[PDB]
There are 2 protein chains.
Amino acid sequence: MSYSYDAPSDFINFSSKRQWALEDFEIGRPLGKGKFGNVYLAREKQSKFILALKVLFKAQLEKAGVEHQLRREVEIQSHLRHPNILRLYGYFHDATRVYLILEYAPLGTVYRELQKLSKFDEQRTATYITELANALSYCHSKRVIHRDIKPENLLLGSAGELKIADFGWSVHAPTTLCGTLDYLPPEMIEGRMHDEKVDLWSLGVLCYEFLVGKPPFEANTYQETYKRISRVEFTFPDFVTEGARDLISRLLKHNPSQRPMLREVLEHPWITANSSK
Amino acid sequence: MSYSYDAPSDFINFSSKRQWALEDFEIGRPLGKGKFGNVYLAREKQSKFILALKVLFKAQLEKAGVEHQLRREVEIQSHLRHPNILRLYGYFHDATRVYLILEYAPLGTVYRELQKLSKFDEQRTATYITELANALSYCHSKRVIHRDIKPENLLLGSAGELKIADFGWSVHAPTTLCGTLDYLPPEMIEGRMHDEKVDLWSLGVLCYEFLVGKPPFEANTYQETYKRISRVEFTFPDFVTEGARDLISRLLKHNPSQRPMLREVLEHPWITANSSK
Ligand SMILES: Nc1ncnc2c1ncn2[C@@H]1O[C@H](COP(=O)(O)OP(=O)(O)NP(=O)(O)O)[C@@H](O)[C@H]1O
Ligand SMILES: Nc1ncnc2c1ncn2[C@@H]1O[C@H](COP(=O)(O)OP(=O)(O)NP(=O)(O)O)[C@@H](O)[C@H]1O
Ligand SMILES: *SC[C@H](NC(=O)[C@H](O)c1ccc(C(F)(F)F)cc1)C(=O)NCc1ccccn1
Ligand SMILES: *SC[C@H](NC(=O)[C@H](O)c1ccc(C(F)(F)F)cc1)C(=O)NCc1ccccn1
Ligand SMILES: [Mg+2]
Ligand SMILES: [Mg+2]
Ligand SMILES: [Mg+2]
Ligand SMILES: [Mg+2]
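Analysis parameters
- Sequence positions are given from 1 along each chain as written, possibly unlike the numbering in the entry, and residues without coordinates are left off.
- Written order determines the labels here, with chains lettered from A and ligands numbered from 1.
- Water and hydrogen atoms play no part in the side-chain values, which are based on all heavy atoms of the structure.
- Note on contacts: a residue pair qualifies if any of its non-hydrogen atoms lie within 4.5 Å across the two residues.
- Two N or O atoms form a polar contact when they lie within 3.5 Å of each other; inside protein one atom must be a possible hydrogen donor and the other a possible acceptor, and for residues adjacent in sequence the pair counts only when both atoms belong to side chains.
- The helix and strand labels rest on DSSP assignments: H or I over at least four residues marks a helix, E over at least two residues marks a strand, and numbering proceeds from the N terminus.
- Ten residue types, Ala, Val, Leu, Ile, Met, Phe, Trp, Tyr, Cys and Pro, are classed as nonpolar, four, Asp, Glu, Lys and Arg, as charged, and the remainder, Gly among them, as polar.
- Only heavy atoms are used to decide nearness, and a residue is near a molecule or strand if one of them lies within 4 Å of it.
- For the area figures, the Shrake-Rupley method with a 1.4 Å probe applies, and any residue is considered shielded solely by the protein chains shown.
- Salt bridges are identified by distance alone: a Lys or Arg side-chain nitrogen within 4 Å of an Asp or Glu carboxyl oxygen.
- Between buried and exposed lies partly exposed: a residue is buried under 20% and exposed over 50% of the maximum accessible area for its type, with that area taken using a 1.4 Å probe on protein chains only.
- Each pair of strands is called paired provided DSSP finds at least two bridges between the two strands.
- For every element, the axis is a line fit to its C-alpha atoms; helices are fit only across the contacting stretch, and the angle between N-to-C directions ranges from 0 to 180 degrees.
- Here is the rule for handedness: rotate from the far helix to the near one, and if that takes an anticlockwise turn smaller than a right angle the crossing is left-handed, while a clockwise turn gives right-handed.
- UniProt positions are given in the numbering used here, feature names are shortened, and annotations may be inferred rather than shown by experiment.
- Throughout this description, the term nonpolar core refers to a set of buried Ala, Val, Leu, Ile, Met, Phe, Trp, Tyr and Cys residues connected via side-chain atoms within 4.5 Å.

Structure determination for the deposited model, as stated in its record, used X-ray crystallography, and the stated resolution is 1.86 Å.

Asks: What's the story with the interface of chain A and chain B in this structure? I'm lost.
Replies: Often, the extent of an interface is quoted as the loss of accessible area on bringing the components together. Every contact between the two is made by 52 residues of chain A and, on the other side, 50 residues of chain B. Our enumeration of links across chain A and chain B arrives at 22 residue pairs in polar contact. For the side of chain A that touches chain B, the elements supplying multiple residues, two or more each, are helix 2 (67-77), helix 5 (176-179), helix 6 (186-190), helix 7 (198-212) and helix 8 (222-230) of chain A. The biggest single contributor to the side of chain A that touches chain B is helix 7 of chain A, with six residues. Residue composition of the side of chain A that touches chain B, by class: 24 nonpolar, 12 polar and 16 charged.

Asks: Teacher, can you tell me more about the site of ligand 4 here?
Replies: Surrounding ligand 4, one finds A:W169, A:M193, A:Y226, B:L177, B:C178, B:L181, B:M188, B:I189, B:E190, B:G191 and B:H194. With respect to ligand 4, the backbone of B:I189 contributes an N or O atom lying 2.8 Å from a nitrogen atom. If ligand 4 stood free it would expose 600 Å²; the protein chains cover 62% of that surface. Here the shell around ligand 4 takes three residues from helix 5 (residues 186-190) of chain B, the largest share from any one element. Along the lines of polarity and charge, the residues of the shell around ligand 4 split into eight nonpolar, two polar and one charged.

Asks: Help me out: how do you make sense of the pattern of salt bridges in this one?
Replies: Oppositely charged side chains can pair when the atoms bearing their charge come close. All names here are of chain A. Under the definition given, this model contains 25 salt bridges over all chains. One salt bridge connects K163 with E103, and the closest N-O pair in it is separated by 2.7 Å. In this pair, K163 sits in strand 8 (residues 162-164) while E103 sits in the loop between strand 5 (97-102) and helix 3 (110-117), placing the two residues 60 residues apart along the sequence. The class of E103 is buried, set by a relative accessible area of 16%.

Asks: Sorry if this is basic, but what is going on with the sheet that holds strand 2 (residues 38-44) of chain B here?
Replies: Across a sheet, strands are paired by hydrogen bonds formed along the backbone, either parallel or antiparallel in direction. Residues and elements named next belong to chain B. Spatial ordering of the open sheet is given by 1-2-3-5-4, a layout of five strands whose pairing is antiparallel. Two strands close off the open sheet at either side, each with one partner strand: strand 1 (25-33) and strand 4 (88-93). Averaged over all neighbouring strand pairs, the angle between strand axes comes to 25 degrees, with direction disregarded. Of the strand pairs in this sheet, strand 4 and strand 5 (residues 97-102) are connected by five bridges, and their pairing is antiparallel. Across the sheet, residue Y91 finds its bridge partner in strand 5, namely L100. Taken strand by strand, helix 2 (residues 67-77) contacts strand 3 (50-57), strand 4 and strand 5, and its axis lies near 25 degrees from that of strand 5.

Asks: What should I look at first to understand the packing of helix 6 (residues 198-212) of chain B against helix 8 (residues 242-251) of chain B in this one?
Replies: The relative placement of two packed helices comes down to the angle between their axes together with the axis-to-axis distance. All names here are of chain B. One way to put it is that helix 6 packs onto helix 8 with a least axis distance of 8 Å and a crossing angle of 150 degrees. Here helix 6 and helix 8 pass one another in a crossing that is left-handed. Note on element contacts: helix 8 touches helix 6 through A244, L247, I248 and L251, opposite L200, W201, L203, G204, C207, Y208 and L211.

Asks: Would you take a moment to explain the UniProt feature "active site" in chain A for this structure?
Replies: The sites that carry the UniProt feature "active site" are, in the present numbering, A:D148. Within the secondary structure, A:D148 sits in the loop between strand 6 (144-145) and strand 7 (154-156). Beyond its immediate chain neighbours, meaning those up to four positions away, A:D148 contacts A:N153, A:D166, A:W169 and B:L177.

Asks: When you look at the nonpolar core in this model, what are you seeing that I'm missing?
Replies: Within soluble globular proteins, side chains that are nonpolar generally end up buried alongside one another. Ranked by size, the top nonpolar core spans 114 residues in total, and within it A:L132, A:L154, A:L203, A:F210, B:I129 and B:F210 carry the most contacts. Those residues within four positions of A:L132 in sequence are excluded, and the remaining contacts are A:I149, A:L154, A:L162, A:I164, A:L203 and A:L206. By size, the runner-up hydrophobic cluster in this structure holds 19 residues, among which are B:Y5, B:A52, B:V66 and B:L155.

Asks: Could you clarify how one ought to interpret the UniProt feature "binding site: ATP" in chain A in this entry?
Replies: In the numbering adopted here, UniProt assigns the feature "binding site: ATP" to A:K35, A:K54, A:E103, A:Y104, A:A105, A:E152, A:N153 and A:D166. Mapping A:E152 onto the fold places it in the loop between strand 6 and strand 7. Judged by relative accessible area, which is 30%, A:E152 ranks as partly exposed. The residues contacting A:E152, other than those within four sequence positions of it, are A:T109, A:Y111, B:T180 and B:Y183. The residue A:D166 is located in the loop between strand 8 and strand 9 (171-172) in this model. On the basis of relative accessibility, which here comes to 24%, the residue A:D166 falls in the partly exposed class. Setting aside chain neighbours within four positions, we find A:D166 in contact with A:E73, A:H146, A:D148 and A:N153.

See the structure below:
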């Protein structure tokens, strides 16, 4: 199995050829666990720069058949450079492990913040939505669709700003295929899971959860949650204001082509009235 | 870009580890011109084994941004071994070019055969559909979906056997993603572009085009073709027999889950009444 990715492996001087090596880092406390390894607080020794080192075990990746998914994740995320996207500085590997050198997000996940506060006020919510829409606008400039936006995948920077993480499901979506529609089924012509509008739906779900403290299609079985999503069946508690309802309802369209542009989110009158950014 | 693919580059003794080299091949006449380089008739020098060598220029692949598509195509196709799938024996590369070592299909494309004969009789049609269904059944057993089946991508071996070619749009489609449906849009839960049923629709279009000489949703604009596909709007000429109509109508279903399994195609009584296979 080849661990040669189109992603950087060069040593970086964080006080501003030689490839990364594990001995470049001091390791600190584990930050979390995954199915394939762990994430550690770490520090590059020459600069003393704090970062996160994600360690994945090759045997576990290859047994689960997810090694090409990791390769794509690293290749996509390492070429994104935006203040609301978690940086992937580079990667390296040894006989047993793959290492991802990540930006450290010191304030945790939005998931944990929702556990602590139950729900967010309108200003905190609208500020988060602006940051996310800015990040997703940049992603679309690079023809990247994230496709797995959810509170556990939103980390928090030193200023409390959002950091989109987990590009394990993302795709770069920029032809003889479409030159001829005659043999393509409707789902190949429409390409809905390859549509940037995928991420606009999750933006609506998140705006709802931030304000309400529960996601709009929540149900006690997966099948009922799918029915509610498929039928776009959701309602608002009384306290949700008219502007928030308008934004969320505009985002949660079954047909991806009916969802709004990111500019229309960034300029929505409820966003501009409550966002500090 | 990295040309280290998860695909074989080992020299093969064809008449029954050293890596391929350009000097292993006597390059004969061109077989065709592609977007990024030509395909040549060639023989491996030690064995005199006759094959096709596709030469692609790295500068052109990288300029066009299609090099990860080539990587995926090579990795997928080089691990498929079936008599009705065009073999990709291996690849190699030098400073300027990538080389694909391919099975030579001497008898051209089904697309050309259809141009020459205008339409096929029911025996040839059922035989071809049998071979395609066998090849696609094998693909799906490897969790590979082809997604670009059409007459131009069906080559003919020396006994007239179909060889499925062009895996440039295929996906290997075997999580935390589905662990939480609450944040996913309908199109991400359904995953229709990653459903093996994609290829069953194309098989129905092919069965119709083989018998009729034109595909069922043909229209002189792209928008009208899409509209007819979307509504599954098509008609049968009087000469298409009821048995063929039954099979084609079962395959051409908007809802992919309503399309039959490949075993049902192979076992359809019109197929077995007419196939020589
Ligand atoms: N750069 C980081 N900074 C701070 N905390 C992090 C960072 N990366 C991950 N974490 C935390 O560490 C835990 C482990 O994260 P992680 O395993 O990457 O989740 P994941 O995206 O599902 N990875 P995976 O196991 O491959 O599915 C998570 O719960 C995060 O909250
Ligand atoms: N193994 C083969 N045996 C015989 N003929 C072949 C073979 N591979 C390709 N050809 C023919 O040669 C022509 C050029 O090949 P092809 O690889 O399909 O070009 P292409 O589709 O533009 N490649 P690409 O650059 O990836 O888009 C086609 O019309 C094929 O029919
Ligand atoms: S092929 C017609 C074309 N559709 C796409 O480009 C579609 O999004 C897509 C994307 C990726 C793949 C791949 F993964 F490569 F297989 C396949 C298909 C198109 O013209 N889309 C626009 C459109 C608009 C309205 C209705 C239908 N199509
Ligand atoms: S995520 C829910 C899950 N759906 C799938 O597995 C779907 O086929 C799929 C496949 C691949 C992707 C990926 F490419 F990774 F994005 C995404 C989705 C599921 O629950 N499927 C069963 C189901 C339930 C209800 C309706 C339809 N299907
Ligand atoms: Mg690999
Ligand atoms: Mg991962
Ligand atoms: Mg590459
Ligand atoms: Mg190619």
